[PDB]
Amino acid sequence: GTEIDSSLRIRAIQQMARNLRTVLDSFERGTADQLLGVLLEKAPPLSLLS
Amino acid sequence: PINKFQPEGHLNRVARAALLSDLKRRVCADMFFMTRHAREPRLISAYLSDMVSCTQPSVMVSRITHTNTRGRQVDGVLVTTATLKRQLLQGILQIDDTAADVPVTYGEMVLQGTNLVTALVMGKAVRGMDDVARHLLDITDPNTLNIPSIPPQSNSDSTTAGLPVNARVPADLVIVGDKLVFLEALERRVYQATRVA
Amino acid sequence: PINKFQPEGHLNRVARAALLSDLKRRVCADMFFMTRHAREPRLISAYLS
Amino acid sequence: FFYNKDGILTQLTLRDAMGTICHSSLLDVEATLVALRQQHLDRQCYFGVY
Amino acid sequence: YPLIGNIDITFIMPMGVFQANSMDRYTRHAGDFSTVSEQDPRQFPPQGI
Amino acid sequence: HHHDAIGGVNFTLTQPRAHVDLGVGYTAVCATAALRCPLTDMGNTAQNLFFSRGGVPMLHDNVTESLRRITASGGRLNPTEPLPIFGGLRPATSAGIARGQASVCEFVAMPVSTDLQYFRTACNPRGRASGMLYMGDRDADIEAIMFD
Amino acid sequence: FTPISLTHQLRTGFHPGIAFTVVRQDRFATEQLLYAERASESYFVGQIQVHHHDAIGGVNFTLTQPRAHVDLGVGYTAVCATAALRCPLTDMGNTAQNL
Amino acid sequence: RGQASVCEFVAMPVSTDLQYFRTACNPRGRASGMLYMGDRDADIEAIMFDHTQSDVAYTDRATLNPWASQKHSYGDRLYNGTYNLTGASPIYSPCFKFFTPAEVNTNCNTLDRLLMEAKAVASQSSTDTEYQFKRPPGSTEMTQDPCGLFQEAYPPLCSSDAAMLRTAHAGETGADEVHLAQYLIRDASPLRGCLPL
Amino acid sequence: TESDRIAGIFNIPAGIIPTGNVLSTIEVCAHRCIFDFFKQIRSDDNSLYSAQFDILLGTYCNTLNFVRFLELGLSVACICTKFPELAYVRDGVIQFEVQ
Amino acid sequence: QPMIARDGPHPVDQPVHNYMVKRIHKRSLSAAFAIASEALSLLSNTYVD
């Protein structure tokens, strides 16, 4: 509770929150990537399907 | 082609070699792209759009900024030669406006109070030491009401004095792609009847 | 080409020689401009300007 | 045969390379020999050099 | 990024094919590729591609 | 997953998921549209067949050594000169790369009096057309097309 | 292949068993095409002081002003490209270099 | 008609593959440069001078000519800036940049270093003189220099015979490549549609 | 060098209020072999008036723009549904009855 | 920089923060202005003329 370690603790929790926000954003970013992957694996070419 | 053919970075030997061959072909081809393809305005308007939307933007702190008469802020300046300005304006690019709103005041800075004693005694200084100290103390000293809020933003608390005024100035604005840019070919306002090339 | 090529004046030998070759080519080309480019209605309005 | 700045035909012949190949630097082999003697050499046969 | 996928295309060329039939070794004109040698160095069997 | 790390602690967040294609027919159609730069070199890089061990050798070892020595001359990729026993016989690495990854060319022997019009269209390098694509009456019709 | 004999053969019309590449560097006058972004630079302007010294007629006043510039862009905020071509400054002649 | 440009002559064997000069080539006979690394630090010297390995670009041979491409060959002892044979000459050598190994630091990546070297570099010749002399001491003028960072040189419209350089149609020039023992090298420079004939 | 490093930070007097009164005013030049930086001036000197300093002209930080999967155009190609007990599913099935 | 989550034989990525420092570069601007000595003698009369 000294006046110098409080700023370091605040910087630590700020870095932790800033990290965790992008970690939770990564799943919403990667769901579309997984969908593109499984849709690319599932698709026959047009030149043989038509 | 470095920005396009490399998606992110950390290219290996093979991708860098292919990129180098593409660089050689592109720098051999697009050397005199406007005096060569003068009869095709479509190619010139296509590569000017690539030139404008191939550079990254910058920081976005401003109080009064350059804008046209309607209110749309401008995205840069495309400084030319007057012959190239005439060739661009006759048949390639389209005029968006004839007058623009430019700022007049500069915006000064000074050191006084804590910055003056910090510069005189220890030999360092910082922009807005009062504001930085106020934000640090009000995010450190009080209770949980104010501490868990550190948003990266322009902030700019207090900041007394200023002058948010604009003046209408005759200058030709063109549009390329989706960006509104200036088109100045300044040769008579400056570098006229003086010895500088 | 005199008022187009040089910005101000007092060129050196090389710039004067290149300007002189440009003068020779230009005075050889566009001397009978209205009986040569009679079919084009845009070149005459471009050189009158 | 090539073209000038103005389009005039010009010619470069072998008599022009006489300011380069007819210098004393064509017989400046000593630095080359010094650099060549400081390498790894094997015991080669001496029929054509002796 | 996906949708920047790759493809593999295989190329085939013969190297030492000599057209064995005498009726197939035709030239479409008299002086197609003339030379100075008394024997034309193109009737010989090819060795490269 | 609370897991220890080099300096501190590594938290690995794992989420499971699954997918079902609820379509009767085909519900996704892809097609190649544009062509970017070729990633490989269309060069003349001859394949060296001295990288493999296991076949019958010649009786004289100097014949094989000299044959490998002339074969290595006039080529890009070759086994290294000490011939490392208990190893993979990797080719010696080189300096920087100019125009992409080198593509090797494999050579197939065939008679001189070969119909040249066979190579003017999309042909097969084996000399006889094969594949699974031709069936209709039985199961073991793929070794009859390919080899009989 | 003695250089005196090479002089004889090159003057006469003989072709010695050698060949050359010429290398010739040429200059051209080009009109460029510069684009700059909005917040491309931060430009600091100082204060102006004068300097005094004598001259051949009278005295000379030298007004100077220090200024500093910072490029506060993360990536590249200015793109230039050569657009047009003017007349070449140099000659594409045949002037053999003398060693 | 302007400042005379000097020509430097590099010796080579007579039976030289003529197809090498029909595209953008290197006068040294072996492709060199800082642009091909990514594995170690001492690889720029192995590209330029080590002839145990093959050439980087034309990768089935060591060098086009063996008289101006080794460590201490005739052309290398004549045109390298390290040995300083032509130091007292006041005349610019146009093949100085193709033979001199440039100073290189290995800390940066190839692409950003390339963009650093692609800017408007300082001049290497003189403008006010009449013989294309060396750079005067303290002359400040910046030229955008292509083909000096790629170490290449573009062949112009040249031929060994004046007969085949022009056809009889009152119009376009000749295009036949080889007649009996002569040759006509078509233009591969960026000046394809310029420099009138 | 170390004496210059000592004198470099927190420069000499520079107009700071005194903290304690020094007694026993004697000749301090004789025992100069104490302290780290000793400088003696006769009456006045021009090195007492220095004001060079460093300045930080602002820090710039960006904020990320978070994406949502529903807002994309790729969300129309799937029917997302939650299932918390997915780890206990051995082999789920779907069925079709087409006439 | 942002992050993306993926599975398979790909290593798990963690977000990366960058710190950069740029510095200023000092230039100048100069311009001359001359006063003739006769004008200085005229403007330093000191209540004589």
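cryo-EM is the method the PDB entry states for this structure, with the resolution given as 3.70 Å.

Caption draft 1: A look at the interface of chain G and chain H. The interface of chain G with chain H comprises 27 residues on the first partner and 39 residues on the second. For the side of chain G that touches chain H, the secondary-structure elements that each account for two or more residues are β1 (19-24), β6 (78-85) and β7 (90-96) of chain G. Residue composition of the side of chain G that touches chain H, by class: 14 nonpolar, nine polar and four charged. Summarising the sheet, β1(G) and strand β1 (residues 3-12) of chain H pair through six bridges and their orientation is antiparallel. Bridging across to β1(H), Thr21(G) finds its partner in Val10(H).

Caption draft 2: Layout of the packing of aromatic side chains. Going through the model one piece at a time under the given rule, you end up with nine aromatic pairs over all chains. Seen from their ring centres, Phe33(C) and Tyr47(C) are 4.6 Å apart, and the 45° between their planes marks the pair as tilted. With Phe33(C) in helix α3 (residues 33-36) and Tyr47(C) in helix α4 (residues 43-48), the pair connects residues that are 14 residues apart, well separated along the chain. With a centroid separation of 6.0 Å and an interplanar angle of 65°, the aromatic rings of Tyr131(H) and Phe133(H) are classed as edge-to-face. Among the aromatic side chains, those forming a connected cluster through ring pairs are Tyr20(H), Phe21(H) and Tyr58(H). Lying across the ring of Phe49(H), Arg28(H) places its NZ or CZ 5.7 Å from the centre.

Caption draft 3: Up close: the side chain of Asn115(B). Residues and elements named next belong to chain B. Within the secondary structure, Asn 115 is located in helix α6 (residues 114-121). Residue class for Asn 115 comes out buried when judged on its relative accessible area of 9%. Within the structure, the side chain of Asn 115 is placed 3.3 Å from the backbone oxygen of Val 126, a separation counted as a polar contact. Setting aside chain neighbours within four positions, we find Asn 115 in contact with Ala 125, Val 126, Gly 128 and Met 129.

Caption draft 4: Seen up close, the pattern of salt bridges. This structure, assessed with the given rule, holds 22 salt bridges over all chains. Among the ionic pairs, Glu152(H) bridges to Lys24(B), the shortest N-O distance being 2.5 Å. With one member in each of two chains, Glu152(H) in the loop between β3 (142-143) and β4 (158-159) and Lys24(B) in helix α2 (residues 13-29) form a pair that bridges those chains. Relative accessible area serves as the criterion here: at 16%, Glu152(H) is assigned to the buried category.

Caption draft 5: Looking closely at the arrangement of the chains. The top pair by number of contacts, from a total of 23 pairs of chains in contact, is chains G and H. The two units chain F and chain G never meet; even their closest C-alpha atoms stay 23 Å apart. Where chain E comes nearest to chain J, the C-alpha atoms are still 12 Å apart, and the two do not contact one another.

Caption draft 6: Main features of unusual backbone geometry. Positive phi, close to 60°, is recorded for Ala193(B), a residue that is not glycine. Along the chain, the position of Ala193(B) falls in the segment after β6 (179-182). A positive phi angle, near 55°, is found at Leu195(H), a position not held by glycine. Overall, the relative accessible area of 15% leaves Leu195(H) in the buried class.

Caption draft 7: Broad picture of the sheet that holds β1(H). The three strands lie next to each other as β1(G)-β1(H)-β7(G), forming an open sheet whose pairing is mixed. Strand pairing shows two members of the sheet lacking a second neighbour, β1 and β7 of chain G, which therefore form its edges. Mean inter-strand twist for the sheet, computed between neighbouring axes without regard to direction, equals 40°. Note: β7(G) against β1(H), four bridges, orientation parallel. Counterpart to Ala96(G) in the pairing with β1(H) is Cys7(H).

Caption draft 8: Just the interface of chain G and chain D, in detail. The partner chain D presents 20 residues to the 22 residues of chain G that form the contact. Among the secondary structure elements, those contributing two or more residues to the side of chain G that touches chain D are α1 (3-12), β1 and β7 of chain G. At six residues, the largest contribution of residues to the side of chain G that touches chain D is made by β7(G). Across the side of chain G that touches chain D, the residue classes tally to 12 nonpolar, seven polar and three charged.

The rules behind each value
Residues numbered from 1 in each chain as written, not as in the entry; some residues may be left out. Chains lettered and ligands numbered in written order. Part of a larger assembly, values for the part shown. Heavy atoms only, no water. Residues with missing side-chain atoms left out of burial classes, pairs and counts. Contact = heavy atoms within 4.5 Å. Helix = DSSP H or I, 4+ residues; strand = E, 2+ residues; numbered from the N terminus. Nonpolar A, V, L, I, M, F, W, Y, C, P; charged D, E, K, R; others polar. Pairing = 2+ DSSP bridges. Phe/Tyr/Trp six-rings, centres within 6.5 Å; stacked < 30°, edge-to-face > 60°. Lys NZ or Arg CZ within 6 Å of the ring centre and 35° of its normal. Buried < 20%, exposed > 50% of the residue type's maximum accessible area, 1.4 Å probe, protein only. Polar contact = N/O pair within 3.5 Å; in protein donor to acceptor, adjacent residues only side chain to side chain. Salt bridge = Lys/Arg side-chain N within 4 Å of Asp/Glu carboxyl O. Axes fitted to C-alpha atoms, helices over the stretch in contact; angles between N-to-C directions.

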